[PDB]
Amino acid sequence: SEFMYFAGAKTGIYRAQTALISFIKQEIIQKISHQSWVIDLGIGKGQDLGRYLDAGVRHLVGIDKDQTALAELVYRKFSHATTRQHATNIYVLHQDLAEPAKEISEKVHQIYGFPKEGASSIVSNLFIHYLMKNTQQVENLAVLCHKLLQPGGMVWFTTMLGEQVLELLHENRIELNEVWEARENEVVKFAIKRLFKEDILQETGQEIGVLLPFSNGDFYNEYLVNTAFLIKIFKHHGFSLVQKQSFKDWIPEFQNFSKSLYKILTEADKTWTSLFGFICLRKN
């Protein structure tokens, strides 16, 4: 009897760049070590689960809408055994995070043991763009974060930066349905398809297509995150900006965490990384 699985042959040109992203998420998640209640908005397949465990978070609440992803998080938890401090409890909530923030806050608060006052941190990595659809969706996101947090709680966001993408497209003179491409030794490494007519950054609703790597030109559409607009809506809802910084700024520390991968990062890697950034906000 035999079972065989053949993946497409895939080169390693994304080695160093994806190790940089992992290092960044780890340094961010390390900052909330041993907190009692941490909520993750858009937790997916649990890619950050190893990080949350290494940080000793005590109660992780992970919310996502994709039952398939969440099952992979369950398999990941139960395969792969752990025993390091003191053990994190995990609560997975299957929920569409575009629904009214009041309902989502009620379901979360009904999780056995969730604090009436609220959690200590909200983490969301590469998710908030799904909610940049229109003004109501951004307000909903800020009201949901306000309801789930205790005062002084913090929001730890990670996102593609819409200002930088628009600036990137303009400097390369990319018009409506055209594509910016990275290219390395004659292969398209990264790419962005412009899908907005406007030449000025809109609050909400501007789409681009990002190339999915190792596909044969499959582009997946996302909205642009206007971080100015995001931070401004969060300000209207009781949050102060704490920190806002490009992923490119972790590259020097990265040299101390694997000198090897540091030296292999290419100029296309650095340009792609520059499009992503961290944003910390605190509830007043």
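Sequential numbering from 1, following the sequence displayed.
The deposited sequence places 1 to 3 unmodelled residues between residue 85 and residue 86. Relative to one another, 36 to 44 and 217 to 225 have unequal mean CA B-factors, and 217 to 225 is the one with the higher figure. Annotation for 77 to 85 versus 135 to 143: the higher mean temperature factor (C-alpha) is found in 77 to 85. Residue-level inspection of the entry shows that, of 160, 211, 92, 155, 211 has the top Cα B-factor. The PDB entry assigns the greatest CA B-factor among 122, 126, 71, 179 to 179. The PDB entry assigns residue 262 a C-alpha temperature factor belonging to the highest third of its chain's modelled residues.
Among the modelled residues of its chain, residue 24 has a C-alpha B-factor that falls in the lowest third according to the deposited record. Per the PDB record, residue ranking by Cα B-factor puts residue 276 in the lowest third of the chain. Ranked by Cα temperature factor within the chain, residue 30 sits in the middle third according to the deposited record.
Per-chain ranking of the deposited C-alpha B factor places residue 58 in the middle third.
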